[PDB]
There are 2 protein chains.
Amino acid sequence: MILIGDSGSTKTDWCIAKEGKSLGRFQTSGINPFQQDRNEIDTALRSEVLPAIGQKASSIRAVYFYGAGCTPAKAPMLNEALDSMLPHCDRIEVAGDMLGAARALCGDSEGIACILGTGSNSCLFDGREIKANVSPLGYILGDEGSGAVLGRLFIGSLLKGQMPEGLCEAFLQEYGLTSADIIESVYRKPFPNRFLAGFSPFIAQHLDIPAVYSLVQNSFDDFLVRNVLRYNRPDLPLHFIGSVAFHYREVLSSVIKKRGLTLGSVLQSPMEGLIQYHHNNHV
Amino acid sequence: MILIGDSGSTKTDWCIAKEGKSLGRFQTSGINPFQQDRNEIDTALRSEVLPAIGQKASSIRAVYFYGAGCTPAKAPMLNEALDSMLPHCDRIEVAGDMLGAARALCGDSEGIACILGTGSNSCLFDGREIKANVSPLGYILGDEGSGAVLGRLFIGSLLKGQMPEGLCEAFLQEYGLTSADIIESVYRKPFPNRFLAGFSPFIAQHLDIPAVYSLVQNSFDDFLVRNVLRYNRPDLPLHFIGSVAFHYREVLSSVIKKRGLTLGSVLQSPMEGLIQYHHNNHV
C-alpha cells in the first residue's frame, strides 16, 4: 500500500491507500521543509505521523508527499526525514502542493489548477508537469482571494466603519477581540496569516450582506486577473482546490462566469484525486 | 530656549528654538516609547540627542516631544528618559505625533489634521485637543495612502504583470532586487513597513504612467473614505502633513476636490508650525 500526504499552511492530510482504495486517513499538522528544518519536523514525523500509521508501517511500499514549501531545493530534506520514518520504503517522492492539486484536478490532461485556501496559488498544467506558475507573493503582497487576504480586507473595512452598523460589534464579540488585540496578533504574533484566515466562517455566513459579498467578489476577480488571465488560455477550464474555493464556490462561479471563463471543477481536498492518480500513474 | 522633537516611523526631527526663531536643527532617528523600552532609547537620547544639542544644553528651559507611539500610557516613560537627559529642565511634555501635526497645521482652530508618510493617520481637532481619531491599523490592515501601503500595492501589481512591459525589470534592477528578496524582506525581515515605504521615489517619478497614477489616486481616495468622511464635517478644510502628502500633493488635491472636499494645507514637516505654536502657546 501507499502513503499520501498533502500539507498546507495549517495542517497535513494523510491517507494510506491500496489500489485506488483508502484504508487509512490521518490528520496531523504543519510539515514544511522551507519553513521548518531537519529535526523540528523530524519530531512531527515520528510523534504525529508514525503513531497514526503505526501498524501497516511495513506495508508502505511508497510514499508521495505534497506540500507548500517543498521547493525543488528543500524537498530532498523532507525526503530524508520521511525515508528515516520508513527506512524500508521503496519509493519516496516529495513535491509541491500546487503540483498535487493539478494532478488531482487535471489528472493527466492540460489545464489551469488553482488553490484557494489560507493562501492562493495557480499554475498552468500541460498534463504531466507544471509549465507556468505565478508566485502568490503571500498574504501581504498577493495571495488574492485567499482566506488570509479576505480576512485582512474584511476586518480592515469592518474596523473603519465600512460595514453595516453593528456588524463590527457582532464580529468583535463573537471572537472576544478588540482593535488592539487584532493589531497585536497581526503585527506582533507568529503566523499572522493563519490568524487572519481564521475569520472566514464569519464572512461566509454573512454573504447575504452587500458589502461582504462585493468584498469577496472583488478579491476573487482580482485573483483571476493577476493570476489566471496572464496564462492566455481561456480555452482551458479553471480547476480549483481549497477550503475557500469550496466554501465560496457559488461566488467563485459568478466571478469566473462574469469574466467569460469556464469553471472546470472545485473541490475542498485533492485527496480523492491523488488517490486515483497514484493508482493509475504508478511510475 | 526650547527643544522641539517630532518623531516618526523612520527618524526624529529636532529643533532648538528661541522666541519663535530656530537656533538649532538636529537629525536623529527612532525614539518611540511603545515600540522601544527604557534603556534601548535611553541610549539614543545621550548618544544622538545630547551630542547634537551639547552646548546650550543648559539653556533648555522646556522640551516638547511629539512622536508616534507616545500613547498616554507609555508617554511618561520617555518623559523620564528625557528628564534624565536635561535634569535641570523646567517643563517636559510628551505627546503623540498626530497632536503635533494638528497643532502645527490647525494652530488653535477647529479642523481635521492628517498624516501621510510611512504610515497614515487622521484626527478631528477642536482647536486645543483631539476630539476624534480613526486608528490607522498599520500597513497591513489600514494606513491607507501611506507610503508603506502605496509600496505594497505597487510592487504587488508590478510583480503580477499589471504594469507596462519593462517597468518591473526597470524597478527590480534599480534596487537590485528579485522577487525572492522582496518576499524575504517583507515577511522575514524587521520593519517591513519601512522597506515597503522606501520605494516611493520610484512611484512618484512614474506618475506619468496611468496604472501608477490611478494606483496612488485610489489609495488616497480610500484614505479619505475610511479616515475622513466618518468625521461628518466636510465644512472643515483638510490639513495634511508628511513626505507622501507633500511628494504627491498634486494627486492629493485632485482626489480631495473630486470628493467635494476642500484642501486646507499640505506641508512636509510640522516643525515650522510647532515652533510658532510653542511661541504663542507657552502654557
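The figures that follow rest on heavy atoms only: side chains count, while hydrogens, waters and symmetry mates do not. Chain identifiers are assigned alphabetically (A, B, ...) following the order of the sequence lines, protein sequences preceding nucleic acid strands; residue numbering begins at 1 within each chain.
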Is any side-chain heavy atom of [X] closer than 4.5 Å to a side-chain heavy atom of [Y]?
X: A:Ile182; Y: A:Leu172; value: yes
X: B:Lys56; Y: B:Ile16; value: yes
X: B:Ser269; Y: B:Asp6; value: no
X: B:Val63; Y: B:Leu86; value: no
X: B:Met163; Y: B:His206; value: no
X: A:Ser219; Y: A:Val149; value: yes
X: B:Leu78; Y: B:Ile31; value: yes
X: B:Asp181; Y: B:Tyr175; value: no

(request) Check the side chains of B:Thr28 and B:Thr12 for a donor-acceptor pair under 3.5 angstrom, ignoring hydrogens and angles. (result) no

(request) Answer yes if the side chains of A:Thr118 and A:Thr10 hold a donor-acceptor pair under 3.5 Å, and no otherwise. (result) yes

(message) I'd like to know whether the aromatic ring centres of A:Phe199 and A:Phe154 sit less than 6.0 Å apart in this structure.
(response) no

(request) Would you please indicate yes or no on a ring centroid separation below 6.0 angstrom for B:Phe171 and B:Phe202? (result) yes

(request) Start with the C-alpha gap between B:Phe220 and B:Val251, add the side-chain angles, then the distance that decides, and say whether side-chain contact (heavy atoms from CB on, under 4.5 Å) holds. (result) CA-CA 8 Å; B:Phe220 284 175; B:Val251 184; 4.0 Å; yes

Review item, side-chain donor-acceptor pairs of residues 222-236 of chain B, under 3.5 Å, at least two apart:
residue  : atom : partner  : partner atom : Å
B:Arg226 : NE   : B:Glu144 : OE2          : 2.9
B:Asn227 : OD1  : A:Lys160 : NZ           : 3.0
B:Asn227 : ND2  : B:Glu144 : OE1          : 3.1
B:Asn227 : ND2  : B:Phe223 : O            : 2.8
B:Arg230 : NE   : A:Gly161 : O            : 3.3
B:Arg230 : NH2  : A:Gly161 : O            : 2.6
B:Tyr231 : OH   : B:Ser122 : O            : 3.3
B:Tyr231 : OH   : B:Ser122 : OG           : 2.8
B:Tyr231 : OH   : B:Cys123 : N            : 3.2
B:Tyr231 : OH   : B:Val134 : N            : 3.3
B:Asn232 : ND2  : B:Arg230 : O            : 3.4
B:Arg233 : NE   : B:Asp235 : OD1          : 3.3
B:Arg233 : NE   : B:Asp235 : OD2          : 3.1
B:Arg233 : NH1  : B:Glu110 : OE2          : 2.8
B:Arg233 : NH2  : B:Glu110 : OE1          : 2.9
B:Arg233 : NH2  : B:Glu110 : OE2          : 3.2
B:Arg233 : NH2  : B:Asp235 : OD2          : 3.0

Between [X] (side chain only) and [Y] (backbone N and O only), is there a donor and an acceptor less than 3.5 Å apart?
X: B:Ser120; Y: B:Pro136; result: no
X: B:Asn79; Y: B:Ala75; result: no
X: B:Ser254; Y: B:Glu250; result: no
X: A:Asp143; Y: A:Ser146; result: no
X: A:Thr43; Y: A:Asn39; result: no
X: B:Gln162; Y: B:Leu158; result: no
X: B:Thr71; Y: B:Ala73; result: yes

(message) I'd like to know whether B:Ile2 forms a side-chain contact (heavy atoms from CB on, under 4.5 Å) with B:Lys18, so could you lay out the CA-CA distance, the side-chain angles of the two residues, the decisive distance to 0.1 Å, and finally the verdict.
(response) CA-CA 6 Å; B:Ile2 61 174; B:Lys18 192 201 199 73; over 6 Å; no

For [X] and [Y], work out which heavy atoms get closest and say how close.
X: B:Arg194; Y: B:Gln35; result: NH2-NE2, 4.1 Å
X: A:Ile140; Y: B:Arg152; result: O-CD, 3.6 Å
X: A:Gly156; Y: B:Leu137; result: O-CD2, 4.1 Å
X: B:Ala68; Y: B:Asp97; result: CB-OD2, 3.2 Å
X: A:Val186; Y: A:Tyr139; result: O-OH, 4.5 Å
X: B:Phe125; Y: B:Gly107; result: CE2-O, 4.3 Å

Going from [atom1] on [X] to [atom2] on [Y], what distance comes out if it is rounded to the nearest 0.5 angstrom?
X: B:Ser157; Y: B:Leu167; atom1: OG; atom2: CG; value: 8.5 Å
X: B:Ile209; Y: B:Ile203; atom1: CD1; atom2: CD1; value: 11.0 Å
X: B:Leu274; Y: B:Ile4; atom1: CG; atom2: CD1; value: 5.5 Å
X: B:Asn32; Y: B:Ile41; atom1: CG; atom2: CD1; value: 8.0 Å
X: B:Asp90; Y: B:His88; atom1: CG; atom2: NE2; value: 11.0 Å
X: B:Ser243; Y: B:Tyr248; atom1: OG; atom2: OH; value: 9.5 Å

(request) Under the side-chain contact (heavy atoms from CB on, under 4.5 Å) rule, what do B:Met1 and B:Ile60 come out as? Steps first, then yes or no, please. (result) CA-CA 5 Å; B:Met1 45 191 78; B:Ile60 304 302; 4.3 Å; yes

(request) Tell me, with the steps shown, if B:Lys258 and B:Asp221 meet salt bridge (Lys or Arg N to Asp or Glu O under 4.0 Å). (result) CA-CA 9 Å; B:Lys258 194 158 171 291; B:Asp221 189 63; 5.8 Å; no

(request) Could you tell me whether B:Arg103 and B:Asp108 have a side-chain N and a carboxylate O separated by less than 4.0 Å? (result) no

(request) Output, in order, the C-alpha distance, side-chain angles, deciding distance and verdict of side-chain contact (heavy atoms from CB on, under 4.5 Å) for A:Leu159 and A:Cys168. (result) CA-CA 7 Å; A:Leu159 251 23; A:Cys168 187; 3.8 Å; yes

(message) Within a 6.0 Å radius of atom CD on A:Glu40, are there more than 12 heavy atoms belonging to other residues, nucleotides or ligands?
(response) yes

(message) Does atom OH (B:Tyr187) have a neighbourhood of more than 12 heavy atoms from anything else shown, all under 6.0 Å?
(response) yes

(request) Determine the sole option in B:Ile115, B:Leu267, B:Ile256 for which the side-chain contact (heavy atoms from CB on, under 4.5 Å) test with B:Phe240 is passed. (result) B:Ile256

(request) Would you mind listing every ring-ring contact (aromatic ring centres under 6.0 Å, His included) that reaches into residues 39-85 of chain B, with sequence neighbours excluded? (result) B:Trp14-B:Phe65, B:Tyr64-B:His278, B:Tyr66-B:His278

